[PDB]
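Q: Following this message is one structure expressed as structure tokens.
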Amino acid sequence: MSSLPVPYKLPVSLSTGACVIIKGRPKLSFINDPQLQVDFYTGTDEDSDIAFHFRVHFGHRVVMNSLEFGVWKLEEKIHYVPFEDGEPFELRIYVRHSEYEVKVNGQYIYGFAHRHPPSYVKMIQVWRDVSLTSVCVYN
């Protein structure tokens, strides 16, 4: 029950082979419609674009998108992702040549085709209704 501040912002440099690992717990039970949001920003400013947005509507759906010149682009949706109510989760995002590969709790979930080069990602923000225990970038 140690925790990181939320919103959590960390500077990053992403290259093919990198892996973002996010560990934490939803802070409310699913009946309260808690959310998790992970944003890969292409700037350090508050108005920066988002190359990869990953948003968990716990108990409902996962949506992914990008914010480009201030506009949300095509939403990609997953109906079911195996987050468990009240339990700690592990979210991994691997930076591959052509896509981000998303893993949750030991399961392969999704490959999100790059819309922008990962080399332009400068900061990752993790926020909304979670308690966070760690946010690590490998390689």
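Labels for the structure tokens follow display order: chains A, B, ..., residues from 1 in each chain, ligands from 1.
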Determine, using only C-alpha atoms, which residues of region 1-105 of chain A have any atom at most 6 Å from an atom of region 109-130 of chain A, and tabulate each with its shortest atom pair and distance in Å to one decimal place, rows ordered by chain and then rising number, as a tab-separated table.
A:
```
residue	atom	partner	partner_atom	distance
A:6	CA	A:127	CA	5.6
A:7	CA	A:127	CA	4.4
A:8	CA	A:126	CA	5.2
A:9	CA	A:125	CA	4.5
A:10	CA	A:124	CA	5.5
A:11	CA	A:123	CA	4.3
A:12	CA	A:123	CA	5.2
A:14	CA	A:119	CA	5.5
A:25	CA	A:130	CA	5.5
A:26	CA	A:130	CA	4.3
A:27	CA	A:130	CA	4.7
A:34	CA	A:129	CA	5.4
A:35	CA	A:129	CA	5.2
A:36	CA	A:128	CA	5.3
A:37	CA	A:127	CA	5.3
A:38	CA	A:126	CA	4.6
A:39	CA	A:125	CA	5.2
A:40	CA	A:124	CA	4.7
A:41	CA	A:123	CA	5.2
A:42	CA	A:121	CA	4.3
A:43	CA	A:122	CA	5.4
A:51	CA	A:116	CA	5.9
A:98	CA	A:114	CA	5.9
A:99	CA	A:113	CA	4.2
A:100	CA	A:112	CA	5.1
A:101	CA	A:111	CA	4.5
A:102	CA	A:110	CA	5.2
A:103	CA	A:109	CA	5.3
```
Q: Any chance you could export the current selection's N, CA, C and O atoms as a CSV table (one decimal), in the first residue's frame?
A:
```csv
chain,number,residue,atom,x,y,z
A,6,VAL,N,-0.5,10.4,-8.1
A,6,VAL,CA,-1.4,10.3,-9.3
A,6,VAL,C,-2.1,11.6,-9.4
A,6,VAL,O,-2.7,12.1,-8.5
A,7,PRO,N,-2.1,12.3,-10.6
A,7,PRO,CA,-1.4,11.9,-11.8
A,7,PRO,C,0.1,11.7,-11.7
A,7,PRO,O,0.8,12.4,-11.0
A,8,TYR,N,0.6,10.7,-12.4
A,8,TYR,CA,2.1,10.4,-12.4
A,8,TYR,C,2.6,10.7,-13.8
A,8,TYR,O,2.1,10.2,-14.8
A,9,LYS,N,3.6,11.6,-13.8
A,9,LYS,CA,4.2,12.0,-15.0
A,9,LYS,C,5.7,11.6,-15.0
A,9,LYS,O,6.4,12.0,-14.1
A,10,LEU,N,6.2,10.9,-16.1
A,10,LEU,CA,7.6,10.7,-16.1
A,10,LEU,C,8.1,10.9,-17.5
A,10,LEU,O,7.5,10.5,-18.5
A,11,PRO,N,9.3,11.6,-17.6
A,11,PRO,CA,9.9,11.8,-18.9
A,11,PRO,C,10.4,10.4,-19.4
A,11,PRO,O,10.9,9.6,-18.6
A,12,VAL,N,10.4,10.2,-20.7
A,12,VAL,CA,10.8,9.0,-21.3
A,12,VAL,C,11.5,9.2,-22.6
A,12,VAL,O,11.3,10.3,-23.3
A,14,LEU,N,11.6,6.5,-25.9
A,14,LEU,CA,11.2,5.2,-26.4
A,14,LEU,C,11.8,4.9,-27.7
A,14,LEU,O,11.9,5.7,-28.6
A,25,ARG,N,-3.5,-0.5,-8.8
A,25,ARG,CA,-4.8,-1.1,-8.5
A,25,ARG,C,-5.9,-0.1,-8.8
A,25,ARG,O,-5.6,1.1,-8.6
A,26,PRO,N,-7.0,-0.5,-9.2
A,26,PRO,CA,-8.1,0.5,-9.3
A,26,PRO,C,-8.5,0.9,-7.9
A,26,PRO,O,-8.4,0.2,-6.9
A,27,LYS,N,-8.8,2.2,-7.7
A,27,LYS,CA,-8.9,2.8,-6.4
A,27,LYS,C,-10.4,2.8,-5.9
A,27,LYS,O,-10.6,2.9,-4.7
A,34,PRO,N,-14.8,3.3,-12.2
A,34,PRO,CA,-13.4,3.9,-12.2
A,34,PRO,C,-12.8,3.7,-13.5
A,34,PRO,O,-13.2,2.9,-14.4
A,35,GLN,N,-11.8,4.6,-13.8
A,35,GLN,CA,-11.0,4.6,-15.0
A,35,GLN,C,-9.6,4.6,-14.7
A,35,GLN,O,-9.1,4.9,-13.6
A,36,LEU,N,-8.8,4.2,-15.7
A,36,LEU,CA,-7.3,4.3,-15.8
A,36,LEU,C,-7.0,4.9,-17.1
A,36,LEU,O,-7.6,4.5,-18.1
A,37,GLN,N,-6.1,5.9,-17.1
A,37,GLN,CA,-5.7,6.5,-18.4
A,37,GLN,C,-4.2,6.6,-18.5
A,37,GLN,O,-3.5,7.0,-17.5
A,38,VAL,N,-3.6,6.2,-19.6
A,38,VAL,CA,-2.2,6.2,-19.9
A,38,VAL,C,-2.0,6.9,-21.2
A,38,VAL,O,-2.5,6.5,-22.2
A,39,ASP,N,-1.3,8.0,-21.2
A,39,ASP,CA,-1.1,8.9,-22.3
A,39,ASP,C,0.4,9.0,-22.6
A,39,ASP,O,1.2,9.4,-21.8
A,40,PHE,N,0.8,8.7,-23.9
A,40,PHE,CA,2.2,8.9,-24.4
A,40,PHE,C,2.2,10.2,-25.1
A,40,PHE,O,1.8,10.3,-26.3
A,41,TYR,N,2.7,11.3,-24.4
A,41,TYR,CA,2.7,12.6,-25.0
A,41,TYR,C,4.0,12.9,-25.8
A,41,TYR,O,5.0,12.4,-25.5
A,42,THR,N,3.8,13.7,-26.9
A,42,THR,CA,4.9,14.0,-27.8
A,42,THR,C,5.5,15.4,-27.4
A,42,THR,O,6.2,16.0,-28.2
A,43,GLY,N,5.2,15.9,-26.2
A,43,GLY,CA,5.7,17.1,-25.7
A,43,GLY,C,5.7,17.1,-24.2
A,43,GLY,O,5.0,16.3,-23.6
A,51,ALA,N,0.5,10.5,-28.8
A,51,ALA,CA,0.7,9.5,-29.8
A,51,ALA,C,0.0,8.2,-29.5
A,51,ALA,O,-0.3,7.5,-30.4
A,98,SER,N,6.5,-1.7,-35.6
A,98,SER,CA,5.3,-1.3,-36.3
A,98,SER,C,4.1,-1.0,-35.3
A,98,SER,O,3.1,-0.5,-35.8
A,99,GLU,N,4.2,-1.4,-34.0
A,99,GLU,CA,3.1,-1.2,-33.1
A,99,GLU,C,3.6,-1.2,-31.7
A,99,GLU,O,4.7,-1.6,-31.4
A,100,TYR,N,2.7,-0.8,-30.8
A,100,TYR,CA,2.8,-1.1,-29.4
A,100,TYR,C,2.1,-2.4,-29.1
A,100,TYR,O,0.9,-2.5,-29.6
A,101,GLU,N,2.7,-3.3,-28.4
A,101,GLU,CA,2.1,-4.5,-28.0
A,101,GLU,C,1.7,-4.4,-26.5
A,101,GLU,O,2.6,-4.2,-25.6
A,102,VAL,N,0.4,-4.5,-26.2
A,102,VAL,CA,-0.1,-4.3,-24.9
A,102,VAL,C,-0.3,-5.7,-24.2
A,102,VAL,O,-1.0,-6.6,-24.8
A,103,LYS,N,0.2,-5.9,-23.1
A,103,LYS,CA,0.0,-7.1,-22.2
A,103,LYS,C,-0.7,-6.7,-20.9
A,103,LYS,O,-0.4,-5.6,-20.4
```
Q: DSSP on the backbone, strand (DSSP E or B) only: what residues of region 4-39 of chain A does that give? Format it as a count of residues only.
A: 18
Q: Figure out the distance between CA of residue 65 (chain A) and CA of residue 47 (chain A), please, to one decimal in Å.
A: 16.3 Å
Q: Using only C-alpha atoms, determine which residues lie at most 9 Å from residue 68 (chain A), disregarding the query and same-chain residues fewer than 6 positions distant; provide the list as a list in words.
A: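 Once the nearby chain positions are removed, what remains is residues 48, 49, 50 and 51 of chain A.
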Q: Kindly give the distance, in Å, that separates CA of residue 96 (chain A) and CA of residue 44 (chain A), rounded to a single decimal.
A: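 One can read the CA of residue 96 (chain A) to CA of residue 44 (chain A) distance as 22.9 Å.
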Q: Go ahead and compute the interatomic distance for CA of residue 3 (chain A) and CA of residue 55 (chain A), in Å to one decimal.
A: 20.4 Å
Q: Out of A:31, A:91, A:78, A:20, which residue has the shortest atom-to-atom distance to residue 61 (chain A) when counting only C-alpha atoms?
A: A:78
